[PDB]
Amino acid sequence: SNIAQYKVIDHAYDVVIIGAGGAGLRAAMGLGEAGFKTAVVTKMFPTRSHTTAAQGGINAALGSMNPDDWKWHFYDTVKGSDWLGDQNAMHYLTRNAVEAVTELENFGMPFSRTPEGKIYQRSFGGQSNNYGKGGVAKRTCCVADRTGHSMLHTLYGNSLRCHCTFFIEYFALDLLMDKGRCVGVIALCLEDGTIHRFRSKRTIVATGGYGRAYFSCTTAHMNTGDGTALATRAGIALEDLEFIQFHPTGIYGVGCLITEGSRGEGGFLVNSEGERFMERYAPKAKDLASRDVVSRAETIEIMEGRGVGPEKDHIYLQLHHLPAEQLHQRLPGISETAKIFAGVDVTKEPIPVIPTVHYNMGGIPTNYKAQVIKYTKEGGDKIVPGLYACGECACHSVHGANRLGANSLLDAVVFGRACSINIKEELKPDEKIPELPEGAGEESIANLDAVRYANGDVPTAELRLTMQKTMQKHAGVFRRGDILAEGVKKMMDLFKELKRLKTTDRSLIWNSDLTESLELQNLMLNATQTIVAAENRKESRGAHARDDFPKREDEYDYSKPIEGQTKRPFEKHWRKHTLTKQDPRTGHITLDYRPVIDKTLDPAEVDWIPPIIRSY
């Protein structure tokens, strides 16, 4: 606070939600239906949230197209995770999918329709009938090509009914902590420069991903991992940050997404030999193989000279063989995004695409109830009182080492809803709103003032560029110990260059320079923890692929028959979640590891799924 005067404003709520995407708004609806005085803090108008950019669909075994079973969905969810996923949470996800997506419909979400009058479903990457033995599944419910747009707008519309009180364009600075409990949030009001402290019994972190750590991504400029940064500063270790989803088809030059649903409607990848190369890298599922396997397939084809376009550095996604009536009905949005950005009539020419950073299966560790946790190796999982997290910023972990397509919107709605269900049942009306500790959020304002008036010689836009550029080069699709370790070196030096930060805009009223710097600080905390976790991990599971450790290191060798082998001890194998404790001041990162939960929520309802070899 040293230099300037800041107008602080106190607010009291039953629950504050940092976020207004799927997760954020679904949780507000639940809590406001359940009577609670809810506050939604979001740094941008909720409709601008990234959920709105989602395209392909949302998974649920509705069986509109053919018979289906949520257990078959559960299988694919677990196999998708390469057995890094907590199966209790993946149970909850899929068990509830039909209900959640049906609700979405009942809320007015205009799902595309089958002739029978039911919800249209398409095929998507990494899903199958019958516990991986039957054909290709069709669980992916959609509003054509804009499922995320339509879902978020429907959710938002319905959130104008729960008497939920929105704080729009408020930049969340930190969690308000009092002796290991979360009593609120502190944020900045862009409109007028005022600082806002929210007292609250509960606090739900629903902030989305950190795609802007990299140089090229499908994500928004607002995907800066603020929530995870918030958690790091609260003294909470983050989980599985090294697991970065590269989506196979992002438009070559510009990074805009072309949905996996374009493959699942019949489209396919083609290399410069005019060959449908996915028939080699995955004979069974071809173009619909899991996300990490396809992105690796493309990446090799580039590296072995089979790449397409002038520089032979991307590949083609061919759709023109499909009928123009299907393309306009199933894929109107990308049909247009391709025209604007690539200059491509998708009905005749193919789209130049290339793997692009997309999703973050890592995030804030929680139990299956979406309650944030710390982990000691003796005391195990210990919940953080008052704190929940959900959506992409969370790590339940329902995605483990590779997220299944159309499982995210689902994740956000399910666990967003789950928060309200859980708070309803654990929060009771005798308990009163916590009084803040003294000088609460004072360091948050200190940082604000410092960055606002930052006088250094490295300006905020250069630093972010070299962070993004670094992360792209070292912590890429294919990683190696020496490159990683050299990258960790560079990044830890960029963290130091943060003290030499220059800003220019000294205003408080809507200062996009100030916030973009705050965002950079946050981005550094995510990026640094991402790469040190990626360096230490000596194996190749899901989206994490080490060239110098190509095998997935489990407790057993699941390629050979299991019995007649001895269990490797926790410390030797790698089926375990990565935890990254970071001091936000020094930047130093300690590492720890947390067992993967293998039980389901109820063996009577469904049996767990023992690791096998992951082959699509």
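The first residue of the sequence shown is number 1, and the count goes up from there.
- Stretches 517-525 and 483-491 differ in mean C-alpha B factor, with the higher average recorded for 483-491.
- Two stretches are in play, 137-145 and 431-439, and the higher mean C-alpha B-factor belongs to 431-439.
- The PDB entry gives the largest Cα B-factor of the residues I334, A206, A297, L175 to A297.
- As recorded in the entry, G180 carries the highest CA temperature factor of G225, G108, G157, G180.
- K43 sits in the lowest third of its chain by CA B factor, as recorded in the PDB entry.
- When the CA B factors of the chain's modelled residues are split into thirds, the value for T590 lands in the highest one.
- Sort the chain's modelled residues by C-alpha temperature factor and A54 lands in the lowest third, per the entry.
- Among the modelled residues of its chain, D505 has a C-alpha B-factor that falls in the lowest third, as given in the PDB entry.
- Sort the modelled residues of the chain by CA B factor and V254 lands in the highest third.
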